[PDB]
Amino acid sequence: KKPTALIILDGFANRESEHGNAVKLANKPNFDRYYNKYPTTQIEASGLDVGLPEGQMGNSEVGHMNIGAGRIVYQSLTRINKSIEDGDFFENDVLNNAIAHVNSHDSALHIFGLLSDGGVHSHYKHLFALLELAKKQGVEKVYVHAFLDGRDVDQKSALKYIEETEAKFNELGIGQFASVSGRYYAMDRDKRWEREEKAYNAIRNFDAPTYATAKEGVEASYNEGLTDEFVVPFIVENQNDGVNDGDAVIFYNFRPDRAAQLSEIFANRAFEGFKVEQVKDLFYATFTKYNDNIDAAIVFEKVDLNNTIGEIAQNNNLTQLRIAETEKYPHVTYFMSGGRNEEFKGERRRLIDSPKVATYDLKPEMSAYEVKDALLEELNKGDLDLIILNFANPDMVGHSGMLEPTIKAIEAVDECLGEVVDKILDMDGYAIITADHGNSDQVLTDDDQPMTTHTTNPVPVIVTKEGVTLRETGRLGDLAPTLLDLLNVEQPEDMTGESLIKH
């Protein structure tokens, strides 16, 4: 059986500067030999090309999702931005029902969310769209419950977002701040119910300090040395009439982990973290589904992904292996399969344990040799059509911000890559060698401090098939179409990426 493999060098991209660039400073004789001999191009793994905002660096979860899907998979922020841009947002059934509940009861609309442009849990421009929709639908009383950031944006920036929102309320003639809470209190994720109870109490006008304005309470916090994240929940005098029977809530956070808890206080009947009398006839809407114990209407429902690469393999009676060490094992399984844990028919998996160290600069080779030897063992069975392999090292070591260890990591990977790819070519197969976003290409700021993040740099592609020419750019959603091309399997319509091999 002739194998085709996708080899993902996690966090390994193309960057012109050599300064702090472990990719260029490493000795990688195997990669270079394949690169110089075989067809090559580079593809985008950041921003709009992988369903993120312009300028946002890629990541492993988003990367491997796009890779397995063979299409652009839009993440929540971009999905919601586009819904607002094209107008579908203003017609959303769930938001209009929430509003119809408030209008018909002559009650109040509350809005909860992280008030910043951090873009990890929320975006405050989504609040402004809610305000415009509420105003378009004639809603009379809108209360905004601000949760302050300081963590996905500068640690003391809350005043700027508050000011711009105040000017929004004025411009639209609608809405007011009713309570203000640091994300420490309103967006805890460790079951610290005592912290949540303070934010709940301020939201519900039950028990909290009061200030005349949102600015005033924030400045007071700052004066006591307490920054945005840790602002103690407070009520805005004369601007909070409680959460009462018949009201609605719209929570605009789209990231589940830190919104779930507050949402259980209000809309999980079974909640017992502390004693509550829950609001009766409360229409509770969440921008995404935060968990299964919240009785909520879901504004943006999860979209299941049909015909990922694994499903197409199954449906052509192919066999496949997913293989990586711990740190990227969910990526080559769950995320690769479009957010699905169940194995496809014909799918087998190999998990290799990562070393247990706090940071991987302490063992740059990680478990890459064990991964390679597991893969050799699988290939020697001769029964694999498709292999999806990830070498974790360049990402996981590069996160250390240390250049020599990150070089050593790439070098170990290069030794493994040689053994793997030579075996595949030995078996008359094909490898696509590539990455899911950058990181290791830059481990030092330009002034020589540690840099510990992913990059927005494009990623290399090597396809080990002779006499062929690759397209000059593309995106991660083109990799799976390239695998099907190599396997001579038909590509279905809902895979909208395009093979990198020119025809």
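Throughout, we count residues from 1 along the sequence that is shown.
Checklist entry - Which of the two stretches, 246-254 or 95-103, shows the higher mean Cα temperature factor in the record? => result Mean C-alpha B-factor is greater for 95-103.
Checklist entry - So 443-451 or 49-57, which one's hotter by mean CA B-factor in the entry? => result Per the PDB entry, the higher value belongs to 443-451.
Next on the checklist: Checking the record values for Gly138, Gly338, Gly182, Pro394, which has the greatest CA B factor?
Outcome noted: Within the set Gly138, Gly338, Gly182, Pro394, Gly138 shows the top C-alpha B-factor.
Item to check | Maximum C-alpha temperature factor, selected from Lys328, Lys381, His121, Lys198 | outcome: Spelled out: the listed residue with the top C-alpha B-factor is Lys381.
Item to check | Where the record places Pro39 (Cα B-factor, split into thirds across the chain) | outcome: Middle third, going by the recorded CA B-factors of the chain.
Next on the checklist: For the chain shown, is the CA B-factor of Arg475 in the lowest, middle or highest third of its modelled residues?
Outcome noted: It falls in the bottom third of the chain.
Checklist entry - Should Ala431 be placed in the lowest, middle or highest third of its chain by the C-alpha B factor in the entry? => result For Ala431, whose C-alpha B-factor we compare with every modelled residue in the chain, the answer is the middle third.
Checklist entry - Of the three thirds of its chain by CA temperature factor, lowest, middle or highest, which one includes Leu483? => result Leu483: CA B-factor falls in the lowest third of its chain.
Checklist entry - Against its chain's modelled residues, does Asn14's Cα B factor rank lowest, middle or highest third? => result Lowest third of the chain for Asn14's C-alpha B-factor.
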